[PDB]
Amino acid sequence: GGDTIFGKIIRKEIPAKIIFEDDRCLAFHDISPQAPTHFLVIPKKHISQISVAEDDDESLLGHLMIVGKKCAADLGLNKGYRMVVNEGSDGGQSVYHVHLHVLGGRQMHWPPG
């Protein structure tokens, strides 16, 4: 293969508990949760990182946030949540396939790392 972990999730080579799926994206629970609710929203299109996303990806990127919103509501995050994108080394990025974290179910602190 040679793709990323999230490429493998998309092709059902690596398992994941999927909580939302449409023709453009998937959402699934994070394997190493940092809050009582912690899930990821990823595009099915491969983009390695936000710093190489293109202008015409705007609708797709916003779609990740809207899906994040919908999933947060489904999971009962009525007191709020935090969305995060990690870019590159200083962002702590591990998986080079663009994705959004959504964390909630506890008070989130500041700074955000």
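Position 1 is the first residue in the sequence shown; the rest follow in order.
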Ranked against its chain, the third holding the CA B-factor of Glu58: middle
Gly1 CA temperature factor, ranked by third within the chain: highest
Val85 by Cα B-factor - lowest, middle or highest third of the modelled chain: lowest
Ranked against its chain, the third holding the CA B-factor of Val67: lowest
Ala16, C-alpha B-factor rank within chain (lowest, middle or highest third): middle
